[PDB]
Amino acid sequence: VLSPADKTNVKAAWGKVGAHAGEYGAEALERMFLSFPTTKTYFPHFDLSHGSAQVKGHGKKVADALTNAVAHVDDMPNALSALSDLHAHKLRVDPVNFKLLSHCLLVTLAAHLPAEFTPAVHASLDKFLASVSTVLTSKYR
Amino acid sequence: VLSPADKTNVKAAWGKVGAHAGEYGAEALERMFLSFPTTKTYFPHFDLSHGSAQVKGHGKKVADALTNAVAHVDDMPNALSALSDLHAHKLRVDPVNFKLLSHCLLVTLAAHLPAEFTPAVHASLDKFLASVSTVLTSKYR
Amino acid sequence: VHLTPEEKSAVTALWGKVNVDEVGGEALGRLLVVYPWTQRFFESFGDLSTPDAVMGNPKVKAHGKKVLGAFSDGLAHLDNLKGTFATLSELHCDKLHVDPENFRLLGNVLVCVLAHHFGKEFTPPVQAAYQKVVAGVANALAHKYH
Amino acid sequence: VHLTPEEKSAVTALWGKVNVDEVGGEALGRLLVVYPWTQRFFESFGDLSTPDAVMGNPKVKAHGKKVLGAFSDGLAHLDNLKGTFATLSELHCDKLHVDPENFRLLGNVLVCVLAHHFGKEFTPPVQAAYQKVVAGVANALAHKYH
Ligand code: HEM
Ligand code: HEM
Ligand code: HEM
Ligand code: HEM
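Line order of the protein sequences matches chains C, A, B and D. Note that the entry's author numbering gives residue 20 to position 20 of the first sequence, counting from 1, and the numbers run on in steps of one. Note that the entry's author numbering gives residue 48 to position 48 of the second sequence, counting from 1, and the numbers run on in steps of one. Note that the entry's author numbering gives residue 64 to position 64 of the third sequence, counting from 1, and the numbers run on in steps of one. Note that the entry's author numbering gives residue 133 to position 133 of the fourth sequence, counting from 1, and the numbers run on in steps of one.
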């Protein structure tokens, strides 16, 4: 469960990301596609070359949903209901991939926010992405 | 989340296991140790020879705990609370190992309940075991 | 695949008793029912809405047969799984776009189906050997992904 | 592991800039804070109640350096990870009883720490190459488990 300190750590961290969220989203996706090629099977229709626009745009959607989740931290299942619906009944991404994207996001954050990515903050963001992941796969079956 | 049908399926299946639970638990553990030997790292002090009296005794403890979860299927997080603290602060088994034991329990049940291990029941038991595992792992951090 | 001859003869002997025309269907069917998200790959198979619609779907049964025939063929070449599945691996990646994790899910369901059919005869040692086989097969189907 | 010569070279060049004392301490300490259950293997290191205590624990730091030393040796032996880490795998399994799954955790933490230190220079291609190393090391540490 997220503790009060976790929620605090995450709102803080995400607050700095600020207007760069869309860019970090795209960056995370790019690192996932290269580090973990099996994840590309979920985007056969996307142009996956470096800096291409589908990844750009999709990066923004990912980040926006995460901002929504940060802003609704005490209330995630509700704030993310429709996204959860979409994942369970249409996208149907195997649960293991959420760990891989989560990890790429952390790497992206570590690399852009060196002063903010302390151990305690690393711990809370990992718990947070896992919580988000749990919610998006909650209605699979 | 378990549905009314899941709960019905689990009660029926565990009901037929009956007084065979302890023995099905020890078989599950033997299957796990042989098929996934990395799991033996959590039992360095146990004698794991076939027929081991320690393995049998432990199988009973596992089965008793499952039986209590089935008894309180509508209140599992609270019925398993003590067990969940023990796992979080003392045992500290890596979450992946829970999937390995769950799979071996299912094999054990399929090998002993041909008529009751239908597709829907298998589906339900797999969900049940995933929910037990999540409860036992919920206070890790 | 690192298999002792004790493991290989046990694996092979059991396989001799397998009715591939049934086990393949059971295994594919159970995959679609227990892990319903894997249904995203089989929309053209018709009705998959209830356990009976899946298990009795004739397209499911026919397809399960192909899967197992290819599996059997892998048991005939346990020392060269990669080569044996090379072109299937390429197809599942480049044409079908199937996440290799699904090969592991199927493998584990197959083991359950083997358990169900053989009972006591699916001994713990025999299971351990089949688990090595299905992981080997999963790894080989994943080897040409890029 | 299958490394490209420009992947072999991307890894090697970056590693030459790593401060092993600092990076080792931080990788092991973060493992202990981010995944608290791993603390089960280091009860005798002392006080690990909070993150500050973990990161400040001199034994964590000193132990962190040793680990990255072994890891460095691996980079020079990339064509033979298995033989390089054989004794260590044996030790980790027969004397220490460490679930190999923990090797993957440390690996990923290690990758985050490198990103934390090198920022812009830890580009996606550079990460991809380190992800293979880290997996190769984990798999080699797991090899003698029985
Ligand atoms: C951190 C967890 C994730 C979040 C918050 C997230 C968020 C989103 C959002 C907001 C969308 C657009 C939904 C819409 O159209 O309104 C989306 C679509 C999609 N996501 Fe993710 N996602 C996550 C993880 C993943 C994973 C791990 C994968 C697979 C590796 C994945 C694959 C996809 C795909 C294939 C689409 C549809 C793309 C398209 O065709 O337009 N997502 N996701
Ligand atoms: C369905 C999941 C599981 C259940 C219901 C379960 C249940 C239990 C119970 C009741 C105990 C005895 C605790 C006591 O002293 O009162 C126990 C202990 C233990 N369990 Fe499990 N367990 C589960 C999964 C696992 C797995 C995945 C592992 C690791 C592979 C594991 C390893 C252990 C160990 C090492 C002990 C302590 C053995 C000893 O030294 O006495 N358990 N578990
Ligand atoms: C033991 C592992 C598997 C083996 C040996 C196997 C083998 C095969 C074979 C021989 C074909 C027919 C190839 C062709 O049409 O030219 C096939 C087709 C297919 N496979 Fe698999 N397969 C395996 C696992 C999976 C799984 C886990 C999935 C997805 C969950 C999958 C998805 C598909 C799909 C979508 C087709 C084409 C279906 C169609 O005709 O429309 N396969 N597979
Ligand atoms: C990157 C993979 C790892 C490498 C290369 C590595 C390397 C080492 C080395 C060189 C030693 C010194 C042993 C000696 O004195 O001969 C050691 C000890 C040890 N390792 Fe690892 N290690 C790794 C990961 C892990 C992880 C993930 C764990 C548990 C989470 C772990 C648990 C231990 C323990 C408990 C010791 C003994 C500590 C003591 O002296 O009190 N290792 N490891």
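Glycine included, each C-beta is placed from N, C-alpha and C at the ideal position.
Residue from the options with nearest C-alpha to residue i
i, options, result
"residue 93/C", "57/C, 43/C, 103/C", "43/C"
"residue 144/D", "11/D, 7/D, 92/D", "92/D"
"residue 41/B", "139/B, 99/B, 110/B", "99/B"
"residue 135/A", "65/A, 20/A, 104/A, 109/A", "65/A"
"residue 146/D", "128/B, 146/B, 54/B", "128/B"
"residue 51/A", "109/A, 70/A, 120/A, 25/A", "25/A"
"residue 110/C", "105/D, 121/D, 80/D", "121/D"
"residue 101/B", "111/B, 25/B, 38/B", "38/B"
"residue 38/C", "109/B, 97/B, 115/B", "97/B"
"residue 1/C", "97/C, 126/C, 140/C, 13/C", "126/C"
"residue 16/B", "76/B, 95/B, 94/B", "76/B"
"residue 69/C", "133/C, 141/C, 3/C, 95/C", "133/C"
"residue 40/A", "121/A, 123/A, 97/A, 22/A", "97/A"
"residue 230/A", "18/A, 119/A, 8/A, 27/A", "Lying before the first or after the last residue shown, residue 230/A is absent from chain A, which here runs from 1 to 141."
"residue 18/A", "124/A, 102/A, 77/A, 112/A", "112/A"
"residue 23/A", "4/A, 58/A, 7/A", "58/A"
"residue 7/A", "84/A, 120/A, 141/A", "120/A"
"residue 124/A", "102/A, 31/A, 84/A", "102/A"
"residue 6/D", "131/D, 95/D, 50/D, 126/D", "126/D"
"residue 118/C", "90/D, 110/D, 51/D, 22/D", "51/D"
"residue 135/D", "95/D, 74/D, 54/D, 90/D", "74/D"
"residue 95/B", "15/C, 91/C, 14/C, 45/C", "45/C"
"residue 81/D", "8/D, 22/D, 139/D", "139/D"
"residue 91/A", "22/D, 8/D, 36/D", "36/D"
"residue 79/C", "56/C, 122/C, 131/C", "131/C"
Proximity of residue i and residue j at Cβ, strictly below 8 Å
i, j, result
"residue 141/B", "residue 85/B", "yes"
"residue 48/A", "residue 33/A", "yes"
"residue 133/D", "residue 11/D", "yes"
"residue 14/B", "residue 103/B", "no"
"residue 62/C", "residue 29/C", "yes"
"residue 20/D", "residue 65/D", "yes"
"residue 71/B", "residue 137/B", "yes"
"residue 105/A", "residue 86/A", "no"
"residue 114/B", "residue 63/B", "no"
"residue 31/D", "residue 106/D", "yes"
"residue 10/A", "residue 107/A", "no"
"residue 82/C", "residue 139/C", "no"
"residue 25/D", "residue 61/D", "yes"
"residue 1/D", "residue 68/D", "no"
"residue 124/B", "residue 141/A", "no"
"residue 77/C", "residue 137/C", "no"
"residue 111/B", "residue 130/B", "yes"
"residue 21/A", "residue 67/A", "yes"
N-terminal and C-terminal residue of the alpha helix (DSSP H) that residue i is part of
i, result
"residue 112/C", "96 to 112"
"residue 7/D", "5 to 15"
"residue 77/C", "76 to 79"
"residue 139/B", "124 to 142"
"residue 80/D", "Unbroken run through residue 80/D: none, as it is neither H nor E."
"residue 131/C", "119 to 136"
"residue 39/B", "Element bounds for residue 39/B: n/a, residue is neither H nor E."
"residue 56/B", "51 to 56"
"residue 31/C", "21 to 35"
"residue 18/D", "That residue, residue 18/D, is in no alpha helix (DSSP H); it is neither H nor E in DSSP."
Ligand 6 heavy atom lying under 7 Å from the CB of residue i
i, result
"residue 42/A", "Only ligand 1, ligand 2, ligand 3 and ligand 4 can be found as ligands here, which leaves ligand 6 out of the picture."
Residues of the segment 122 to 145 of chain B with Cβ closer than 7 Å to any Cβ of chain A, in chain order = 122, 124, 125, 127, 128, 131
Selection of the segment 78 to 93 of chain C by Cβ proximity to chain B, strictly under 7 Å | 92
Relative to chain D, which residues along the segment 22 to 33 of chain C have a C-beta separation below 7 Å, given in chain order?
-> 30, 31
Taking Cβ-Cβ distances below 7 Å as the criterion, which residues of the segment 35 to 69 of chain C are in contact with chain D?
-> 35
Members of the segment 100 to 116 of chain C that neighbour chain D once the beta carbon cut-off is set at 7 Å | 103, 106, 107, 110, 111, 114
Residues in the segment 20 to 44 of chain B with C-beta within 7 Å of chain A's C-beta atoms, listed in sequence order?
-> 29, 30, 33, 34
For the segment 122 to 134 of chain A, enumerate the residues whose C-beta is nearer than 8 Å to any C-beta of chain C, in chain order.
-> 123, 127
What are the residues of the segment 91 to 122 of chain B that lie near chain A, defined by any Cβ-Cβ distance shorter than 9 Å?
-> 108, 109, 111, 112, 113, 114, 115, 116, 117, 118, 119, 120, 121, 122
Relative to chain D, which residues along the segment 2 to 23 of chain C have a C-beta separation below 8 Å, given in chain order?
-> none
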